[PDB]
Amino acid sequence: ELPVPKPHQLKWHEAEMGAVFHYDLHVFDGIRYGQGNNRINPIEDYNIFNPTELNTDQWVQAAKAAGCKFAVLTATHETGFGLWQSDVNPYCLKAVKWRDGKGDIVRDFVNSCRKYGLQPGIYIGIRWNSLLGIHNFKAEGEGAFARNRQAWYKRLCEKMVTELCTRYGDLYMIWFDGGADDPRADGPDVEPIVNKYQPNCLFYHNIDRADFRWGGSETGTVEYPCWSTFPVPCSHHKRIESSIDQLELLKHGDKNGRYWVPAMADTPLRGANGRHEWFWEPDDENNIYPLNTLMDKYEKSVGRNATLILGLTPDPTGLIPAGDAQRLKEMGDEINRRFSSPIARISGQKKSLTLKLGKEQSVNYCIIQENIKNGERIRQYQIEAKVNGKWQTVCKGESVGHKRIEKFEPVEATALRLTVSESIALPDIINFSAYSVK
């Protein structure tokens, strides 16, 4: 039997785009983010946290305007501070003067997602905790002290995960910063918690399981071909065969893999001019990616069978900056301009599909989509255009999966033809469409 997505993985492929919102205490410190420093220098005064104009509806609407279907918030990251009303991590919103210690930004956030029709997910950082002395999943120290403290920390994390999985409705994903390591060793035993309380939630990830994989870079792209199948049911370097070039495997997948671990692409929005910022920092207004760059990334992520996650940055007032929001809207508008209305479209469970265009006209893009619930069946394909009554090949490829965007030098054509020359089962093509884009 062909590998196929589990039922709860269909929403991963179908979403195509989502957003992650990073927010922690250092956003309010008036200086740039230094990751190395932040992980090992506990915050001096947590009352710098004071987003007096906080509005998670504005965050969600801003992401939605780009085409995002899901949105994720960092409940914790590296400081140890938690953006919810926790009864186990005292270093949370209960501690601060803002909102009289009764704020719960995770709640505001999941409510906003649902209000606008985006599926909410939660990111949890357990790998680094500057307050509590955790570095690369490990409680610092030695001997009985460290063994006992590690056992305690694992339970603390289990309890935090339990709160987040039981008090905020059904979640799209749980994303752990760098995963949740190994439950038989330093990592918390979180998979059973997510399975019990969040059976349809994407679990991302630990040594035993990843419901999707990081595509090998934060460029907002994957490589080509890009398959959803994978040799192991996780993305952990300790579980991939030792002779494999692992980054190449993340970037491409393994067409012969027996596990469904589909590709994720990600990038901060604020990645221009030599910056690469997951958090809001001063003087980065003009470092948002241009629309043309975002479109290149879209075509090389969503158009290469990977769901794309954009990193968005609420500011110290509690809002997505105006410029960022405008750029996001421009991205969504441009995706719609290019691809919402094809010249023609056709579908079928066939190895060949001919798209008649109605009249001779210009064509420079095609979209092909397989019915992903039934697997990646297409292994080799070609697209031909009928130009002056003669078929000529305009492109060739391998993987299709959920979505393939092909762009080629424009031709005046009366028809396009998709031929699947190699396949492991009868292709189930839900979309073969042509476009003319200037």
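In this text, residue numbers run from 1 along the sequence as written.
Can you tell me whether 131-139 has a higher mean C-alpha B factor than 352-360 in this record, or the other way round? Higher of the two, by average CA B-factor, is 352-360.
Could you check the entry and say whether 141-149 or 238-246 has the higher mean CA B-factor? Between 238-246 and 141-149, it is 238-246 that shows the higher mean C-alpha B-factor.
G187 - Cα temperature factor, lowest/middle/highest third of chain: Its C-alpha B-factor, which the entry lists for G187, ranks in the middle third among residues of this chain.
Please place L418 in the lowest, middle or highest third of its chain by C-alpha B factor as given in the entry. For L418, the deposited C-alpha B-factor lands in the middle third.
Ranking the modelled residues of this chain by C-alpha B-factor as given in the entry, is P90 in the lowest, middle or highest third? Lowest third, going by the recorded CA B-factors of the chain.
For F70, return the chain-relative third of its C-alpha B-factor as stated in the PDB record: lowest, middle or highest. As the PDB entry reports it, the C-alpha B-factor of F70 lands in the middle third of its chain.
How does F279 rank on Cα B-factor within its chain, lowest, middle or highest third? According to the entry, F279 has a C-alpha B-factor in the chain's middle third.
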